[PDB]
file data.tsv (TSV, C-alpha atoms)
chain	number	residue	atom	x	y	z
A	1	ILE	CA	-24.63	-52.85	-42.37
A	2	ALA	CA	-23.82	-56.35	-41.14
A	3	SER	CA	-26.55	-58.34	-39.43
A	4	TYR	CA	-26.73	-58.45	-35.64
A	5	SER	CA	-29.22	-59.19	-32.82
A	6	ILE	CA	-30.71	-56.40	-30.67
A	7	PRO	CA	-29.45	-57.06	-27.13
A	8	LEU	CA	-31.76	-58.68	-24.62
A	9	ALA	CA	-33.00	-56.57	-21.71
A	10	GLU	CA	-31.11	-58.73	-19.22
A	11	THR	CA	-27.90	-57.82	-21.12
A	12	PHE	CA	-28.58	-54.06	-20.81
A	13	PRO	CA	-26.28	-52.21	-18.39
A	14	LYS	CA	-27.79	-51.24	-15.02
A	15	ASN	CA	-29.21	-47.73	-14.66
A	16	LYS	CA	-27.75	-45.16	-12.28
A	17	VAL	CA	-31.06	-43.31	-12.12
A	18	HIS	CA	-34.53	-44.27	-10.92
A	19	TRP	CA	-36.67	-42.33	-13.37
A	20	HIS	CA	-40.10	-43.50	-14.48
A	21	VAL	CA	-41.96	-42.45	-17.62
A	22	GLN	CA	-45.27	-40.67	-16.97
A	23	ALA	CA	-47.56	-40.06	-19.95
A	24	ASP	CA	-48.30	-36.40	-19.09
A	25	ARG	CA	-44.57	-35.53	-19.08
A	26	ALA	CA	-43.58	-37.67	-22.04
A	27	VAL	CA	-42.81	-37.32	-25.73
A	28	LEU	CA	-41.93	-40.16	-28.10
A	29	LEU	CA	-39.13	-39.22	-30.48
A	30	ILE	CA	-38.89	-41.47	-33.53
A	31	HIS	CA	-35.39	-40.60	-34.67
A	32	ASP	CA	-34.41	-40.65	-38.34
A	33	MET	CA	-36.44	-43.74	-39.26
A	34	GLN	CA	-36.17	-42.82	-42.93
A	35	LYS	CA	-35.79	-45.41	-45.66
A	36	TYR	CA	-32.41	-43.90	-46.61
A	37	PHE	CA	-30.87	-44.93	-43.27
A	38	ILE	CA	-32.66	-48.25	-42.92
A	39	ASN	CA	-31.45	-49.10	-46.43
A	40	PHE	CA	-27.96	-49.57	-44.97
A	41	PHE	CA	-29.14	-52.71	-43.19
A	42	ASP	CA	-30.73	-55.60	-45.03
A	43	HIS	CA	-34.39	-54.93	-44.25
A	44	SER	CA	-35.07	-58.67	-44.13
A	45	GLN	CA	-32.16	-59.12	-41.69
A	46	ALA	CA	-31.78	-58.29	-37.99
A	47	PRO	CA	-31.90	-55.97	-36.21
A	48	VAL	CA	-34.45	-54.37	-38.62
A	49	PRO	CA	-37.61	-56.52	-38.26
A	50	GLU	CA	-37.47	-56.52	-34.44
A	51	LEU	CA	-36.66	-52.79	-34.57
A	52	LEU	CA	-39.72	-52.07	-36.74
A	53	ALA	CA	-41.92	-54.26	-34.51
A	54	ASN	CA	-41.05	-52.60	-31.18
A	55	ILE	CA	-41.33	-49.05	-32.52
A	56	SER	CA	-44.71	-49.69	-34.16
A	57	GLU	CA	-45.70	-51.31	-30.84
A	58	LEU	CA	-44.50	-48.32	-28.79
A	59	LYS	CA	-45.94	-45.66	-31.08
A	60	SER	CA	-49.26	-47.51	-30.82
A	61	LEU	CA	-49.04	-47.23	-27.02
A	62	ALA	CA	-48.23	-43.53	-27.36
A	63	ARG	CA	-51.39	-42.49	-29.21
A	64	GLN	CA	-53.38	-44.49	-26.65
A	65	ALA	CA	-51.63	-42.59	-23.84
A	66	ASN	CA	-51.80	-39.32	-25.83
A	67	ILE	CA	-48.03	-39.13	-25.52
A	68	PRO	CA	-47.07	-36.93	-28.52
A	69	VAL	CA	-45.22	-38.61	-31.41
A	70	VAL	CA	-42.46	-36.61	-33.10
A	71	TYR	CA	-40.68	-37.87	-36.21
A	72	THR	CA	-37.30	-36.46	-37.15
A	73	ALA	CA	-35.99	-36.63	-40.71
A	74	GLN	CA	-33.18	-35.08	-42.79
A	75	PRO	CA	-34.23	-33.12	-45.91
A	76	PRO	CA	-32.93	-34.01	-49.38
A	77	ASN	CA	-30.48	-31.92	-51.42
A	78	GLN	CA	-29.28	-29.80	-48.52
A	79	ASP	CA	-27.85	-26.34	-49.00
A	80	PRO	CA	-24.07	-26.93	-48.57
A	81	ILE	CA	-23.85	-23.88	-46.29
A	82	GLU	CA	-26.65	-25.32	-44.12
A	83	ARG	CA	-25.07	-28.81	-43.94
A	84	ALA	CA	-21.69	-27.23	-43.06
A	85	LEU	CA	-19.21	-29.65	-41.44
A	86	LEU	CA	-21.30	-32.84	-41.82
A	87	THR	CA	-20.18	-32.76	-45.47
A	88	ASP	CA	-16.57	-33.23	-44.36
A	89	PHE	CA	-17.78	-36.45	-42.67
A	90	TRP	CA	-20.81	-37.80	-44.57
A	91	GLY	CA	-20.59	-36.45	-48.10
A	92	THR	CA	-23.15	-34.09	-49.63
A	93	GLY	CA	-26.16	-35.73	-47.93
A	94	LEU	CA	-29.20	-37.70	-48.97
A	95	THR	CA	-30.99	-37.08	-52.28
A	96	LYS	CA	-33.67	-39.79	-52.15
A	97	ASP	CA	-35.56	-42.10	-49.79
A	98	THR	CA	-36.35	-39.19	-47.45
A	99	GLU	CA	-39.75	-40.49	-46.37
A	100	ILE	CA	-40.33	-42.45	-43.19
A	101	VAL	CA	-40.23	-46.24	-43.60
A	102	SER	CA	-43.53	-47.75	-44.73
A	103	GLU	CA	-44.53	-49.56	-41.54
A	104	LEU	CA	-43.79	-46.49	-39.39
A	105	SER	CA	-45.50	-43.88	-41.59
A	106	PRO	CA	-46.97	-41.06	-39.46
A	107	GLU	CA	-50.75	-41.05	-39.03
A	108	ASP	CA	-52.64	-37.67	-38.87
A	109	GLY	CA	-51.87	-36.45	-35.34
A	110	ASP	CA	-48.10	-37.00	-35.30
A	111	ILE	CA	-45.50	-34.25	-35.80
A	112	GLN	CA	-42.60	-34.23	-38.26
A	113	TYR	CA	-39.55	-32.03	-37.75
A	114	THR	CA	-36.79	-31.35	-40.26
A	115	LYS	CA	-33.50	-32.51	-38.74
A	116	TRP	CA	-30.32	-30.56	-39.51
A	117	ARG	CA	-27.79	-31.98	-36.96
A	118	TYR	CA	-27.00	-35.11	-34.95
A	119	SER	CA	-29.09	-33.57	-32.18
A	120	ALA	CA	-32.81	-33.23	-32.86
A	121	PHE	CA	-32.86	-30.12	-30.63
A	122	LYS	CA	-30.63	-27.99	-32.92
A	123	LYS	CA	-32.72	-25.81	-35.26
A	124	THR	CA	-36.04	-27.47	-34.37
A	125	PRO	CA	-38.90	-26.33	-32.14
A	126	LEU	CA	-38.65	-29.52	-30.09
A	127	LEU	CA	-37.45	-27.78	-26.91
A	128	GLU	CA	-39.83	-24.84	-27.08
A	129	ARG	CA	-42.84	-27.06	-27.74
A	130	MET	CA	-41.78	-29.36	-24.88
A	131	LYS	CA	-41.46	-26.35	-22.56
A	132	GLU	CA	-44.84	-25.00	-23.74
A	133	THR	CA	-46.60	-28.36	-23.16
A	134	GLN	CA	-44.90	-29.06	-19.80
A	135	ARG	CA	-43.27	-32.27	-21.08
A	136	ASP	CA	-39.80	-33.00	-19.72
A	137	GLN	CA	-39.29	-36.70	-20.54
A	138	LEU	CA	-38.09	-37.81	-23.97
A	139	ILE	CA	-38.43	-41.46	-24.98
A	140	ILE	CA	-35.99	-42.11	-27.81
A	141	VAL	CA	-36.08	-44.78	-30.55
A	142	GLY	CA	-34.56	-45.15	-34.02
A	143	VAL	CA	-31.09	-44.98	-35.58
A	144	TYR	CA	-28.21	-44.62	-35.26
A	145	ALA	CA	-27.62	-45.20	-31.55
A	146	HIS	CA	-24.11	-43.83	-31.10
A	147	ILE	CA	-24.67	-40.84	-33.42
A	148	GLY	CA	-28.09	-39.16	-33.61
A	149	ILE	CA	-29.66	-41.08	-30.70
A	150	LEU	CA	-26.66	-40.39	-28.41
A	151	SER	CA	-26.42	-36.73	-29.39
A	152	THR	CA	-30.14	-36.04	-28.96
A	153	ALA	CA	-29.98	-37.73	-25.57
A	154	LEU	CA	-27.02	-35.56	-24.48
A	155	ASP	CA	-28.79	-32.39	-25.60
A	156	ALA	CA	-31.96	-33.48	-23.81
A	157	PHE	CA	-30.11	-34.14	-20.55
A	158	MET	CA	-28.34	-30.78	-20.68
A	159	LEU	CA	-31.62	-28.92	-21.34
A	160	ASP	CA	-33.15	-30.65	-18.29
A	161	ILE	CA	-35.16	-33.20	-20.36
A	162	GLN	CA	-34.91	-36.74	-18.93
A	163	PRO	CA	-33.97	-38.96	-21.90
A	164	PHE	CA	-35.13	-42.59	-21.89
A	165	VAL	CA	-33.19	-44.49	-24.55
A	166	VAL	CA	-35.15	-47.65	-25.43
A	167	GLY	CA	-32.38	-50.25	-25.64
A	168	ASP	CA	-34.41	-52.71	-27.74
A	169	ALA	CA	-36.00	-50.14	-30.03
A	170	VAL	CA	-32.78	-48.61	-31.42
A	171	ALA	CA	-30.23	-49.92	-33.91
A	172	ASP	CA	-26.66	-48.96	-34.82
A	173	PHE	CA	-23.69	-49.62	-37.11
A	174	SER	CA	-22.72	-52.60	-34.94
A	175	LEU	CA	-23.65	-54.54	-31.82
A	176	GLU	CA	-20.49	-53.00	-30.32
A	177	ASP	CA	-21.60	-49.41	-30.98
A	178	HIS	CA	-25.06	-50.43	-29.86
A	179	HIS	CA	-23.80	-51.81	-26.54
A	180	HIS	CA	-21.41	-48.87	-26.24
A	181	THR	CA	-24.16	-46.24	-26.51
A	182	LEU	CA	-26.35	-47.93	-23.89
A	183	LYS	CA	-23.40	-48.12	-21.50
A	184	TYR	CA	-22.69	-44.44	-22.16
A	185	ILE	CA	-26.33	-43.39	-21.72
A	186	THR	CA	-26.75	-45.45	-18.54
A	187	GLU	CA	-23.56	-43.99	-17.05
A	188	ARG	CA	-23.59	-40.27	-17.93
A	189	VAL	CA	-26.77	-38.89	-19.53
A	190	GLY	CA	-29.90	-40.97	-18.97
A	191	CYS	CA	-31.95	-44.13	-18.51
A	192	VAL	CA	-31.80	-47.16	-20.76
A	193	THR	CA	-35.23	-48.84	-20.77
A	194	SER	CA	-37.00	-51.66	-22.64
A	195	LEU	CA	-40.30	-52.07	-24.50
A	196	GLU	CA	-41.49	-54.46	-21.75
A	197	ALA	CA	-40.41	-52.20	-18.88
A	198	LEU	CA	-42.15	-49.29	-20.62
B	1	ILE	CA	-9.09	-42.18	-10.46
B	2	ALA	CA	-6.53	-44.90	-11.20
B	3	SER	CA	-3.17	-43.91	-12.64
B	4	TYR	CA	-2.51	-44.31	-16.35
B	5	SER	CA	-0.11	-43.03	-19.00
B	6	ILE	CA	-1.28	-40.65	-21.70
B	7	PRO	CA	-1.29	-42.61	-24.98
B	8	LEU	CA	1.38	-41.82	-27.55
B	9	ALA	CA	0.43	-39.94	-30.70
B	10	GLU	CA	1.54	-42.87	-32.87
B	11	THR	CA	-1.36	-44.91	-31.48
B	12	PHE	CA	-3.94	-42.13	-32.06
B	13	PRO	CA	-6.73	-42.86	-34.56
B	14	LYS	CA	-6.31	-41.22	-37.94
B	15	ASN	CA	-8.23	-38.08	-38.88
B	16	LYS	CA	-11.04	-38.30	-41.42
B	17	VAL	CA	-10.91	-34.52	-41.90
B	18	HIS	CA	-8.05	-32.37	-43.17
B	19	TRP	CA	-8.51	-29.28	-41.04
B	20	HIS	CA	-5.45	-27.34	-39.93
B	21	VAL	CA	-5.45	-24.75	-37.18
B	22	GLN	CA	-5.18	-21.11	-38.27
B	23	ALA	CA	-4.32	-18.45	-35.65
B	24	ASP	CA	-6.81	-15.81	-36.76
B	25	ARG	CA	-9.64	-18.39	-36.53
B	26	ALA	CA	-8.93	-20.28	-33.31
B	27	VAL	CA	-9.73	-20.24	-29.59
B	28	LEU	CA	-7.99	-22.27	-26.87
B	29	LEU	CA	-10.54	-23.75	-24.47
B	30	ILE	CA	-8.87	-25.07	-21.30
B	31	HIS	CA	-11.77	-27.25	-20.20
B	32	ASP	CA	-12.65	-27.74	-16.51
B	33	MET	CA	-9.04	-27.80	-15.23
B	34	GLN	CA	-10.22	-27.00	-11.69
B	35	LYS	CA	-8.54	-28.28	-8.52
B	36	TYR	CA	-11.68	-30.28	-7.67
B	37	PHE	CA	-11.72	-32.30	-10.90
B	38	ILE	CA	-7.97	-33.01	-10.76
B	39	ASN	CA	-8.16	-34.21	-7.12
B	40	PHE	CA	-9.94	-37.27	-8.46
B	41	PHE	CA	-6.50	-38.26	-9.79
B	42	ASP	CA	-3.32	-38.70	-7.89
B	43	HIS	CA	-1.66	-35.43	-8.95
B	44	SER	CA	1.88	-36.80	-8.68
B	45	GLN	CA	0.87	-39.76	-10.85
B	46	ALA	CA	0.20	-40.19	-14.53
B	47	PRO	CA	-1.60	-38.82	-16.50
B	48	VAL	CA	-1.49	-35.54	-14.55
B	49	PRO	CA	2.18	-34.37	-14.84
B	50	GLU	CA	2.11	-34.83	-18.60
B	51	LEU	CA	-1.33	-33.22	-18.97
B	52	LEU	CA	-0.37	-30.10	-17.02
B	53	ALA	CA	2.98	-29.85	-18.85
B	54	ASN	CA	1.38	-30.18	-22.29
B	55	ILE	CA	-1.37	-27.66	-21.47
B	56	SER	CA	1.14	-25.15	-20.04
B	57	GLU	CA	3.22	-25.33	-23.21
B	58	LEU	CA	0.27	-25.12	-25.61
B	59	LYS	CA	-1.21	-22.21	-23.62
B	60	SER	CA	2.08	-20.30	-23.76
B	61	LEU	CA	2.14	-21.07	-27.49
B	62	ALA	CA	-1.40	-19.67	-27.77
B	63	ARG	CA	-0.46	-16.35	-26.12
B	64	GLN	CA	2.49	-15.90	-28.50
B	65	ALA	CA	0.18	-16.65	-31.47
B	66	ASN	CA	-2.56	-14.34	-30.13
B	67	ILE	CA	-5.23	-17.02	-29.72
B	68	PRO	CA	-7.63	-16.08	-26.88
B	69	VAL	CA	-7.50	-18.45	-23.92
B	70	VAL	CA	-10.85	-19.36	-22.39
B	71	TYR	CA	-11.12	-21.34	-19.18
B	72	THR	CA	-14.27	-23.08	-18.03
B	73	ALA	CA	-14.96	-23.57	-14.32
B	74	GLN	CA	-17.86	-24.99	-12.46
B	75	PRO	CA	-19.24	-22.77	-9.69
B	76	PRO	CA	-19.61	-23.96	-6.08
B	77	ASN	CA	-22.83	-24.64	-4.15
B	78	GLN	CA	-25.04	-24.91	-7.21
B	79	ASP	CA	-28.76	-24.11	-7.03
B	80	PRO	CA	-30.26	-27.65	-7.27
B	81	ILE	CA	-32.73	-26.28	-9.81
B	82	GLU	CA	-29.93	-24.97	-12.05
B	83	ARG	CA	-27.84	-28.12	-11.59
B	84	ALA	CA	-31.03	-30.05	-12.62
B	85	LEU	CA	-30.42	-33.64	-13.80
B	86	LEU	CA	-26.64	-33.64	-13.17
B	87	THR	CA	-27.36	-34.16	-9.47
B	88	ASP	CA	-29.02	-37.50	-10.25
B	89	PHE	CA	-25.67	-38.70	-11.67
B	90	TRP	CA	-23.02	-36.91	-9.57
B	91	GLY	CA	-24.72	-35.51	-6.46
B	92	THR	CA	-24.91	-31.91	-5.39
B	93	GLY	CA	-21.63	-30.89	-7.03
B	94	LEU	CA	-18.46	-29.27	-5.82
B	95	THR	CA	-18.20	-26.91	-2.83
B	96	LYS	CA	-14.54	-25.83	-2.74
B	97	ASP	CA	-11.44	-26.15	-4.93
B	98	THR	CA	-13.13	-24.16	-7.71
B	99	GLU	CA	-9.99	-22.41	-8.90
B	100	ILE	CA	-7.83	-23.44	-11.82
B	101	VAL	CA	-4.94	-25.69	-10.75
B	102	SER	CA	-1.88	-23.65	-9.79
B	103	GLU	CA	0.19	-24.41	-12.90
B	104	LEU	CA	-2.56	-23.25	-15.29
B	105	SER	CA	-3.57	-20.06	-13.38
B	106	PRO	CA	-5.16	-17.61	-15.85
B	107	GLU	CA	-3.01	-14.65	-16.82
B	108	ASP	CA	-3.84	-11.10	-17.96
B	109	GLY	CA	-5.78	-11.38	-21.22
B	110	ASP	CA	-7.48	-14.66	-20.33
B	111	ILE	CA	-11.25	-15.16	-20.01
B	112	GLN	CA	-13.09	-17.45	-17.58
B	113	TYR	CA	-16.60	-18.67	-18.33
B	114	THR	CA	-18.77	-20.33	-15.70
B	115	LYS	CA	-19.75	-23.87	-16.75
B	116	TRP	CA	-23.12	-25.49	-16.09
B	117	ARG	CA	-23.25	-28.54	-18.36
B	118	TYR	CA	-20.95	-31.01	-20.10
B	119	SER	CA	-20.88	-28.73	-23.16
B	120	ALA	CA	-18.95	-25.49	-22.67
B	121	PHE	CA	-21.46	-23.87	-25.05
B	122	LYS	CA	-24.53	-24.29	-22.79
B	123	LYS	CA	-25.47	-21.14	-20.84
B	124	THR	CA	-22.24	-19.31	-21.73
B	125	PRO	CA	-21.09	-16.41	-23.92
B	126	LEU	CA	-18.73	-18.72	-25.87
B	127	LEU	CA	-20.78	-19.13	-29.06
B	128	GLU	CA	-21.74	-15.42	-29.18
B	129	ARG	CA	-18.13	-14.39	-28.55
B	130	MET	CA	-16.89	-16.73	-31.24
B	131	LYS	CA	-19.39	-15.25	-33.74
B	132	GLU	CA	-18.46	-11.63	-33.02
B	133	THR	CA	-14.72	-12.32	-33.29
B	134	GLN	CA	-15.32	-14.52	-36.38
B	135	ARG	CA	-13.49	-17.45	-34.80
B	136	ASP	CA	-14.69	-20.89	-35.92
B	137	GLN	CA	-11.91	-23.18	-34.59
B	138	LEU	CA	-11.85	-24.55	-31.05
B	139	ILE	CA	-8.76	-26.20	-29.60
B	140	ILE	CA	-9.95	-28.30	-26.65
B	141	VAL	CA	-7.72	-29.46	-23.79
B	142	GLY	CA	-8.52	-30.56	-20.22
B	143	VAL	CA	-10.68	-33.22	-18.51
B	144	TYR	CA	-12.65	-35.33	-18.79
B	145	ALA	CA	-12.23	-36.58	-22.34
B	146	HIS	CA	-15.31	-38.75	-22.64
B	147	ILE	CA	-17.66	-36.42	-20.75
B	148	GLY	CA	-17.25	-32.65	-21.03
B	149	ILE	CA	-14.54	-32.60	-23.73
B	150	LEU	CA	-16.52	-34.89	-26.03
B	151	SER	CA	-19.75	-33.08	-25.22
B	152	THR	CA	-18.14	-29.68	-25.96
B	153	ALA	CA	-16.69	-30.97	-29.25
B	154	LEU	CA	-20.03	-32.34	-30.46
B	155	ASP	CA	-21.81	-29.05	-29.72
B	156	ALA	CA	-19.00	-27.09	-31.39
B	157	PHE	CA	-19.33	-29.33	-34.46
B	158	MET	CA	-23.11	-28.85	-34.65
B	159	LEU	CA	-22.73	-25.05	-34.18
B	160	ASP	CA	-20.37	-25.10	-37.21
B	161	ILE	CA	-17.26	-24.69	-35.04
B	162	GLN	CA	-14.35	-27.00	-35.95
B	163	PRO	CA	-13.12	-28.76	-32.76
B	164	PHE	CA	-9.50	-29.77	-32.31
B	165	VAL	CA	-9.17	-32.20	-29.40
B	166	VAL	CA	-5.47	-32.49	-28.54
B	167	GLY	CA	-5.14	-36.20	-27.78
B	168	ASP	CA	-2.14	-35.88	-25.46
B	169	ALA	CA	-3.49	-32.76	-23.68
B	170	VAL	CA	-6.62	-34.41	-22.23
B	171	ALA	CA	-7.23	-37.07	-19.57
B	172	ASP	CA	-10.10	-39.32	-18.56
B	173	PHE	CA	-11.46	-41.77	-15.99
B	174	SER	CA	-9.33	-44.43	-17.77
B	175	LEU	CA	-7.04	-45.01	-20.72
B	176	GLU	CA	-9.89	-47.00	-22.28
B	177	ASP	CA	-12.22	-43.98	-22.01
B	178	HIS	CA	-9.39	-41.80	-23.37
B	179	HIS	CA	-8.79	-43.91	-26.48
B	180	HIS	CA	-12.49	-44.45	-27.14
B	181	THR	CA	-13.10	-40.66	-27.10
B	182	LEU	CA	-10.34	-39.95	-29.64
B	183	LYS	CA	-11.79	-42.73	-31.81
B	184	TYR	CA	-15.31	-41.26	-31.64
B	185	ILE	CA	-14.06	-37.71	-32.25
B	186	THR	CA	-12.08	-38.64	-35.33
B	187	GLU	CA	-14.93	-40.81	-36.57
B	188	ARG	CA	-17.84	-38.37	-36.11
B	189	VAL	CA	-17.13	-34.82	-34.94
B	190	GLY	CA	-13.74	-33.35	-35.64
B	191	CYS	CA	-9.96	-33.48	-35.55
B	192	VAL	CA	-7.73	-35.29	-33.06
B	193	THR	CA	-4.31	-33.64	-33.01
B	194	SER	CA	-1.21	-33.69	-30.81
B	195	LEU	CA	0.92	-31.02	-29.14
B	196	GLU	CA	3.68	-31.63	-31.72
B	197	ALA	CA	1.43	-31.58	-34.80
B	198	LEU	CA	-0.13	-28.44	-33.29
call {"tool": "encode", "arguments": {"input": "data.tsv", "output": "structure tokens"}}
result
Amino acid sequence: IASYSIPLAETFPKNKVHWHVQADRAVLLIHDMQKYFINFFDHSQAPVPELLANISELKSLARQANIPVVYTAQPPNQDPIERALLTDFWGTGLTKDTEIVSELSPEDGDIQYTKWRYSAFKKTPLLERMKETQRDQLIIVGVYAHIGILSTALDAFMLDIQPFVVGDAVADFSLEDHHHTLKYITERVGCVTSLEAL
Amino acid sequence: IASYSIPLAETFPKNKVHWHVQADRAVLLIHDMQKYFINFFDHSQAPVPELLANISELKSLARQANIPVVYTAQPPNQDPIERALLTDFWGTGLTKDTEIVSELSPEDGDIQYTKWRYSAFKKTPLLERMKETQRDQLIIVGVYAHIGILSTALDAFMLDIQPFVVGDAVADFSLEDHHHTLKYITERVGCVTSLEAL
């Protein structure tokens, strides 16, 4: 909610692992970049405008590389039995603003999955399609870093998908959460990368 | 590795949720309490005496209350293809010392599941067995709080299982990791409790 600056690549923690994204093995996951969740920042205020610039930039590189683009999004007016224990933590869920943000709207060839849990693997065909297409690297962007981003990355790593969390193309509740996720990713589950390194 | 004292319940973060454990719904998961993972501590030194004492007592409590006791254990000499990306972070995995530490030796009714990933739900009967017995509450003790324990709780949560992480019956790489895990759990995934509240 309160304005902060996306960390600079030199401030990212060091990686344990020496992975490298290859476009035949890769998918770009654009995680929960719905207007409902970006509303909780001030759009005009950091980290939003840099966030929206680097994801648009990276998506653009994906179509060029024919790296698939998958959008995840939570559906409005969820069945309380289907939302289950998130309600205990987040209320009854979103009713409005379900679409992707304007400057990241999906164009024709992209894919949109309905997202039921922190992890984008739960109850989606993401894993099976990635197995089918022989893609085993997941490049992750969006919000929020220490919740959905972190959980998707943990799931990916455990299902043998190399997750690449893009440090400067995610945002979070706070610079502290933001820095905390990247430290956690770099130390236990994957690779923290940058738009320029990518 | 380095010695530290288990935090006191009065410093625990406060629960967002108001779950309470019910016998006919719960399972005790003694998570990864193998000789090999404890040897990374000094066993004579804190937090290990307290951890073993608090797990022994809670496990005895669980047998009186008729709550199944499930151990997880990693197997030795893992097939590098099955170990998959873990090897990048921790090497080829353990070779010996695969048995539960002496003081927590499984007894008659107990079940042991073989563990392949941070989450005790990956590649195991645990979710299936919890469905058939209609048990949707998981009490989680063991090590390491910020890795497998947290990963198991998040999966639980997403699979609609309520996780109860006993804050004084876990341990971690550090007291900082320990406290941060309880904070995350209570903030995003489930209930942090204590041996005495429990």
call {"tool": "residues_around", "arguments": {"input": "data.tsv", "residues": "segment 108-124 of chain A", "least_positions_apart": "3", "cutoff": "7 Å", "atoms": "only C-alpha atoms", "output": "list in words"}}
result
residues 68, 69, 70, 71, 72, 73, 74, 75, 127, 147, 148, 151, 152 and 155 of chain A; 158 of chain B
call {"tool": "interface_residues", "arguments": {"input": "data.tsv", "of": "chain B", "to": "chain A", "cutoff": "12 Å", "atoms": "all atoms listed in the file", "output": "PyMOL selection string"}}
result
chain B and resi 15-19+80-91+115-123+136-137+146-148+150-163+177+180-181+183-191
call {"tool": "write_last_selection", "arguments": {"input": "data.tsv", "atoms": "C-alpha atoms", "output": "tab-separated table (two decimals), in the frame of the given file"}}
result
chain	number	residue	atom	x	y	z
B	15	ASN	CA	-8.23	-38.08	-38.88
B	16	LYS	CA	-11.04	-38.30	-41.42
B	17	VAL	CA	-10.91	-34.52	-41.90
B	18	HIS	CA	-8.05	-32.37	-43.17
B	19	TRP	CA	-8.51	-29.28	-41.04
B	80	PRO	CA	-30.26	-27.65	-7.27
B	81	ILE	CA	-32.73	-26.28	-9.81
B	82	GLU	CA	-29.93	-24.97	-12.05
B	83	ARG	CA	-27.84	-28.12	-11.59
B	84	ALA	CA	-31.03	-30.05	-12.62
B	85	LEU	CA	-30.42	-33.64	-13.80
B	86	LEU	CA	-26.64	-33.64	-13.17
B	87	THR	CA	-27.36	-34.16	-9.47
B	88	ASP	CA	-29.02	-37.50	-10.25
B	89	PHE	CA	-25.67	-38.70	-11.67
B	90	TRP	CA	-23.02	-36.91	-9.57
B	91	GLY	CA	-24.72	-35.51	-6.46
B	115	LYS	CA	-19.75	-23.87	-16.75
B	116	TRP	CA	-23.12	-25.49	-16.09
B	117	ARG	CA	-23.25	-28.54	-18.36
B	118	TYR	CA	-20.95	-31.01	-20.10
B	119	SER	CA	-20.88	-28.73	-23.16
B	120	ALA	CA	-18.95	-25.49	-22.67
B	121	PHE	CA	-21.46	-23.87	-25.05
B	122	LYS	CA	-24.53	-24.29	-22.79
B	123	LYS	CA	-25.47	-21.14	-20.84
B	136	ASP	CA	-14.69	-20.89	-35.92
B	137	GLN	CA	-11.91	-23.18	-34.59
B	146	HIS	CA	-15.31	-38.75	-22.64
B	147	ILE	CA	-17.66	-36.42	-20.75
B	148	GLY	CA	-17.25	-32.65	-21.03
B	150	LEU	CA	-16.52	-34.89	-26.03
B	151	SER	CA	-19.75	-33.08	-25.22
B	152	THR	CA	-18.14	-29.68	-25.96
B	153	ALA	CA	-16.69	-30.97	-29.25
B	154	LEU	CA	-20.03	-32.34	-30.46
B	155	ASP	CA	-21.81	-29.05	-29.72
B	156	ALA	CA	-19.00	-27.09	-31.39
B	157	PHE	CA	-19.33	-29.33	-34.46
B	158	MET	CA	-23.11	-28.85	-34.65
B	159	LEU	CA	-22.73	-25.05	-34.18
B	160	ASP	CA	-20.37	-25.10	-37.21
B	161	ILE	CA	-17.26	-24.69	-35.04
B	162	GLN	CA	-14.35	-27.00	-35.95
B	163	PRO	CA	-13.12	-28.76	-32.76
B	177	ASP	CA	-12.22	-43.98	-22.01
B	180	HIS	CA	-12.49	-44.45	-27.14
B	181	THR	CA	-13.10	-40.66	-27.10
B	183	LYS	CA	-11.79	-42.73	-31.81
B	184	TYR	CA	-15.31	-41.26	-31.64
B	185	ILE	CA	-14.06	-37.71	-32.25
B	186	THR	CA	-12.08	-38.64	-35.33
B	187	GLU	CA	-14.93	-40.81	-36.57
B	188	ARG	CA	-17.84	-38.37	-36.11
B	189	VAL	CA	-17.13	-34.82	-34.94
B	190	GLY	CA	-13.74	-33.35	-35.64
B	191	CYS	CA	-9.96	-33.48	-35.55
call {"tool": "closest_residue", "arguments": {"input": "data.tsv", "among": "B:25, B:63, B:35, B:135", "to": "residue 95 of chain B", "atoms": "only C-alpha atoms"}}
result
B:35
call {"tool": "atom_distance", "arguments": {"input": "data.tsv", "atom1": "atom CA of residue 50 of chain A", "atom2": "atom CA of residue 106 of chain A"}}
result
18.8 Å
call {"tool": "atom_distance", "arguments": {"input": "data.tsv", "atom1": "atom CA of residue 170 of chain B", "atom2": "atom CA of residue 30 of chain B"}}
result
9.7 Å
call {"tool": "atom_distance", "arguments": {"input": "data.tsv", "atom1": "atom CA of residue 20 of chain A", "atom2": "atom CA of residue 104 of chain A"}}
result
25.4 Å
call {"tool": "closest_residue", "arguments": {"input": "data.tsv", "among": "A:38, A:93, A:78, A:9", "to": "residue 52 of chain A", "atoms": "all atoms listed in the file"}}
result
A:38
call {"tool": "closest_residue", "arguments": {"input": "data.tsv", "among": "A:42, A:168, A:97, A:128", "to": "residue 192 of chain A", "atoms": "all atoms listed in the file"}}
result
A:168
call {"tool": "axis_aligned_box", "arguments": {"input": "data.tsv", "around": "segment 76-86 of chain A", "padding_each_side": "5 Å", "output": "JSON"}}
result
{"center_x": -26.1, "center_y": -28.9, "center_z": -46.4, "size_x": 23.7, "size_y": 20.1, "size_z": 20.0}
call {"tool": "residues_near_point", "arguments": {"input": "data.tsv", "point": "(-18.6, -58.0, -43.3)", "cutoff": "12 Å", "atoms": "all atoms listed in the file", "output": "number ranges by chain"}}
result
A: 1-4, 41, 173-174
call {"tool": "residues_around", "arguments": {"input": "data.tsv", "residues": "residue 21 of chain B", "least_positions_apart": "3", "cutoff": "9 Å", "atoms": "only C-alpha atoms", "output": "compact mmCIF listing (two decimals) with C-alpha atoms, in the frame of the given file"}}
result
# COMPACT_ATOMS: atom_id res chain seq x y z
CA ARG B 25 -9.64 -18.39 -36.53
CA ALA B 26 -8.93 -20.28 -33.31
CA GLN B 137 -11.91 -23.18 -34.59
CA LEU B 138 -11.85 -24.55 -31.05
CA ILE B 139 -8.76 -26.20 -29.60
CA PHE B 164 -9.50 -29.77 -32.31
CA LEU B 198 -0.13 -28.44 -33.29
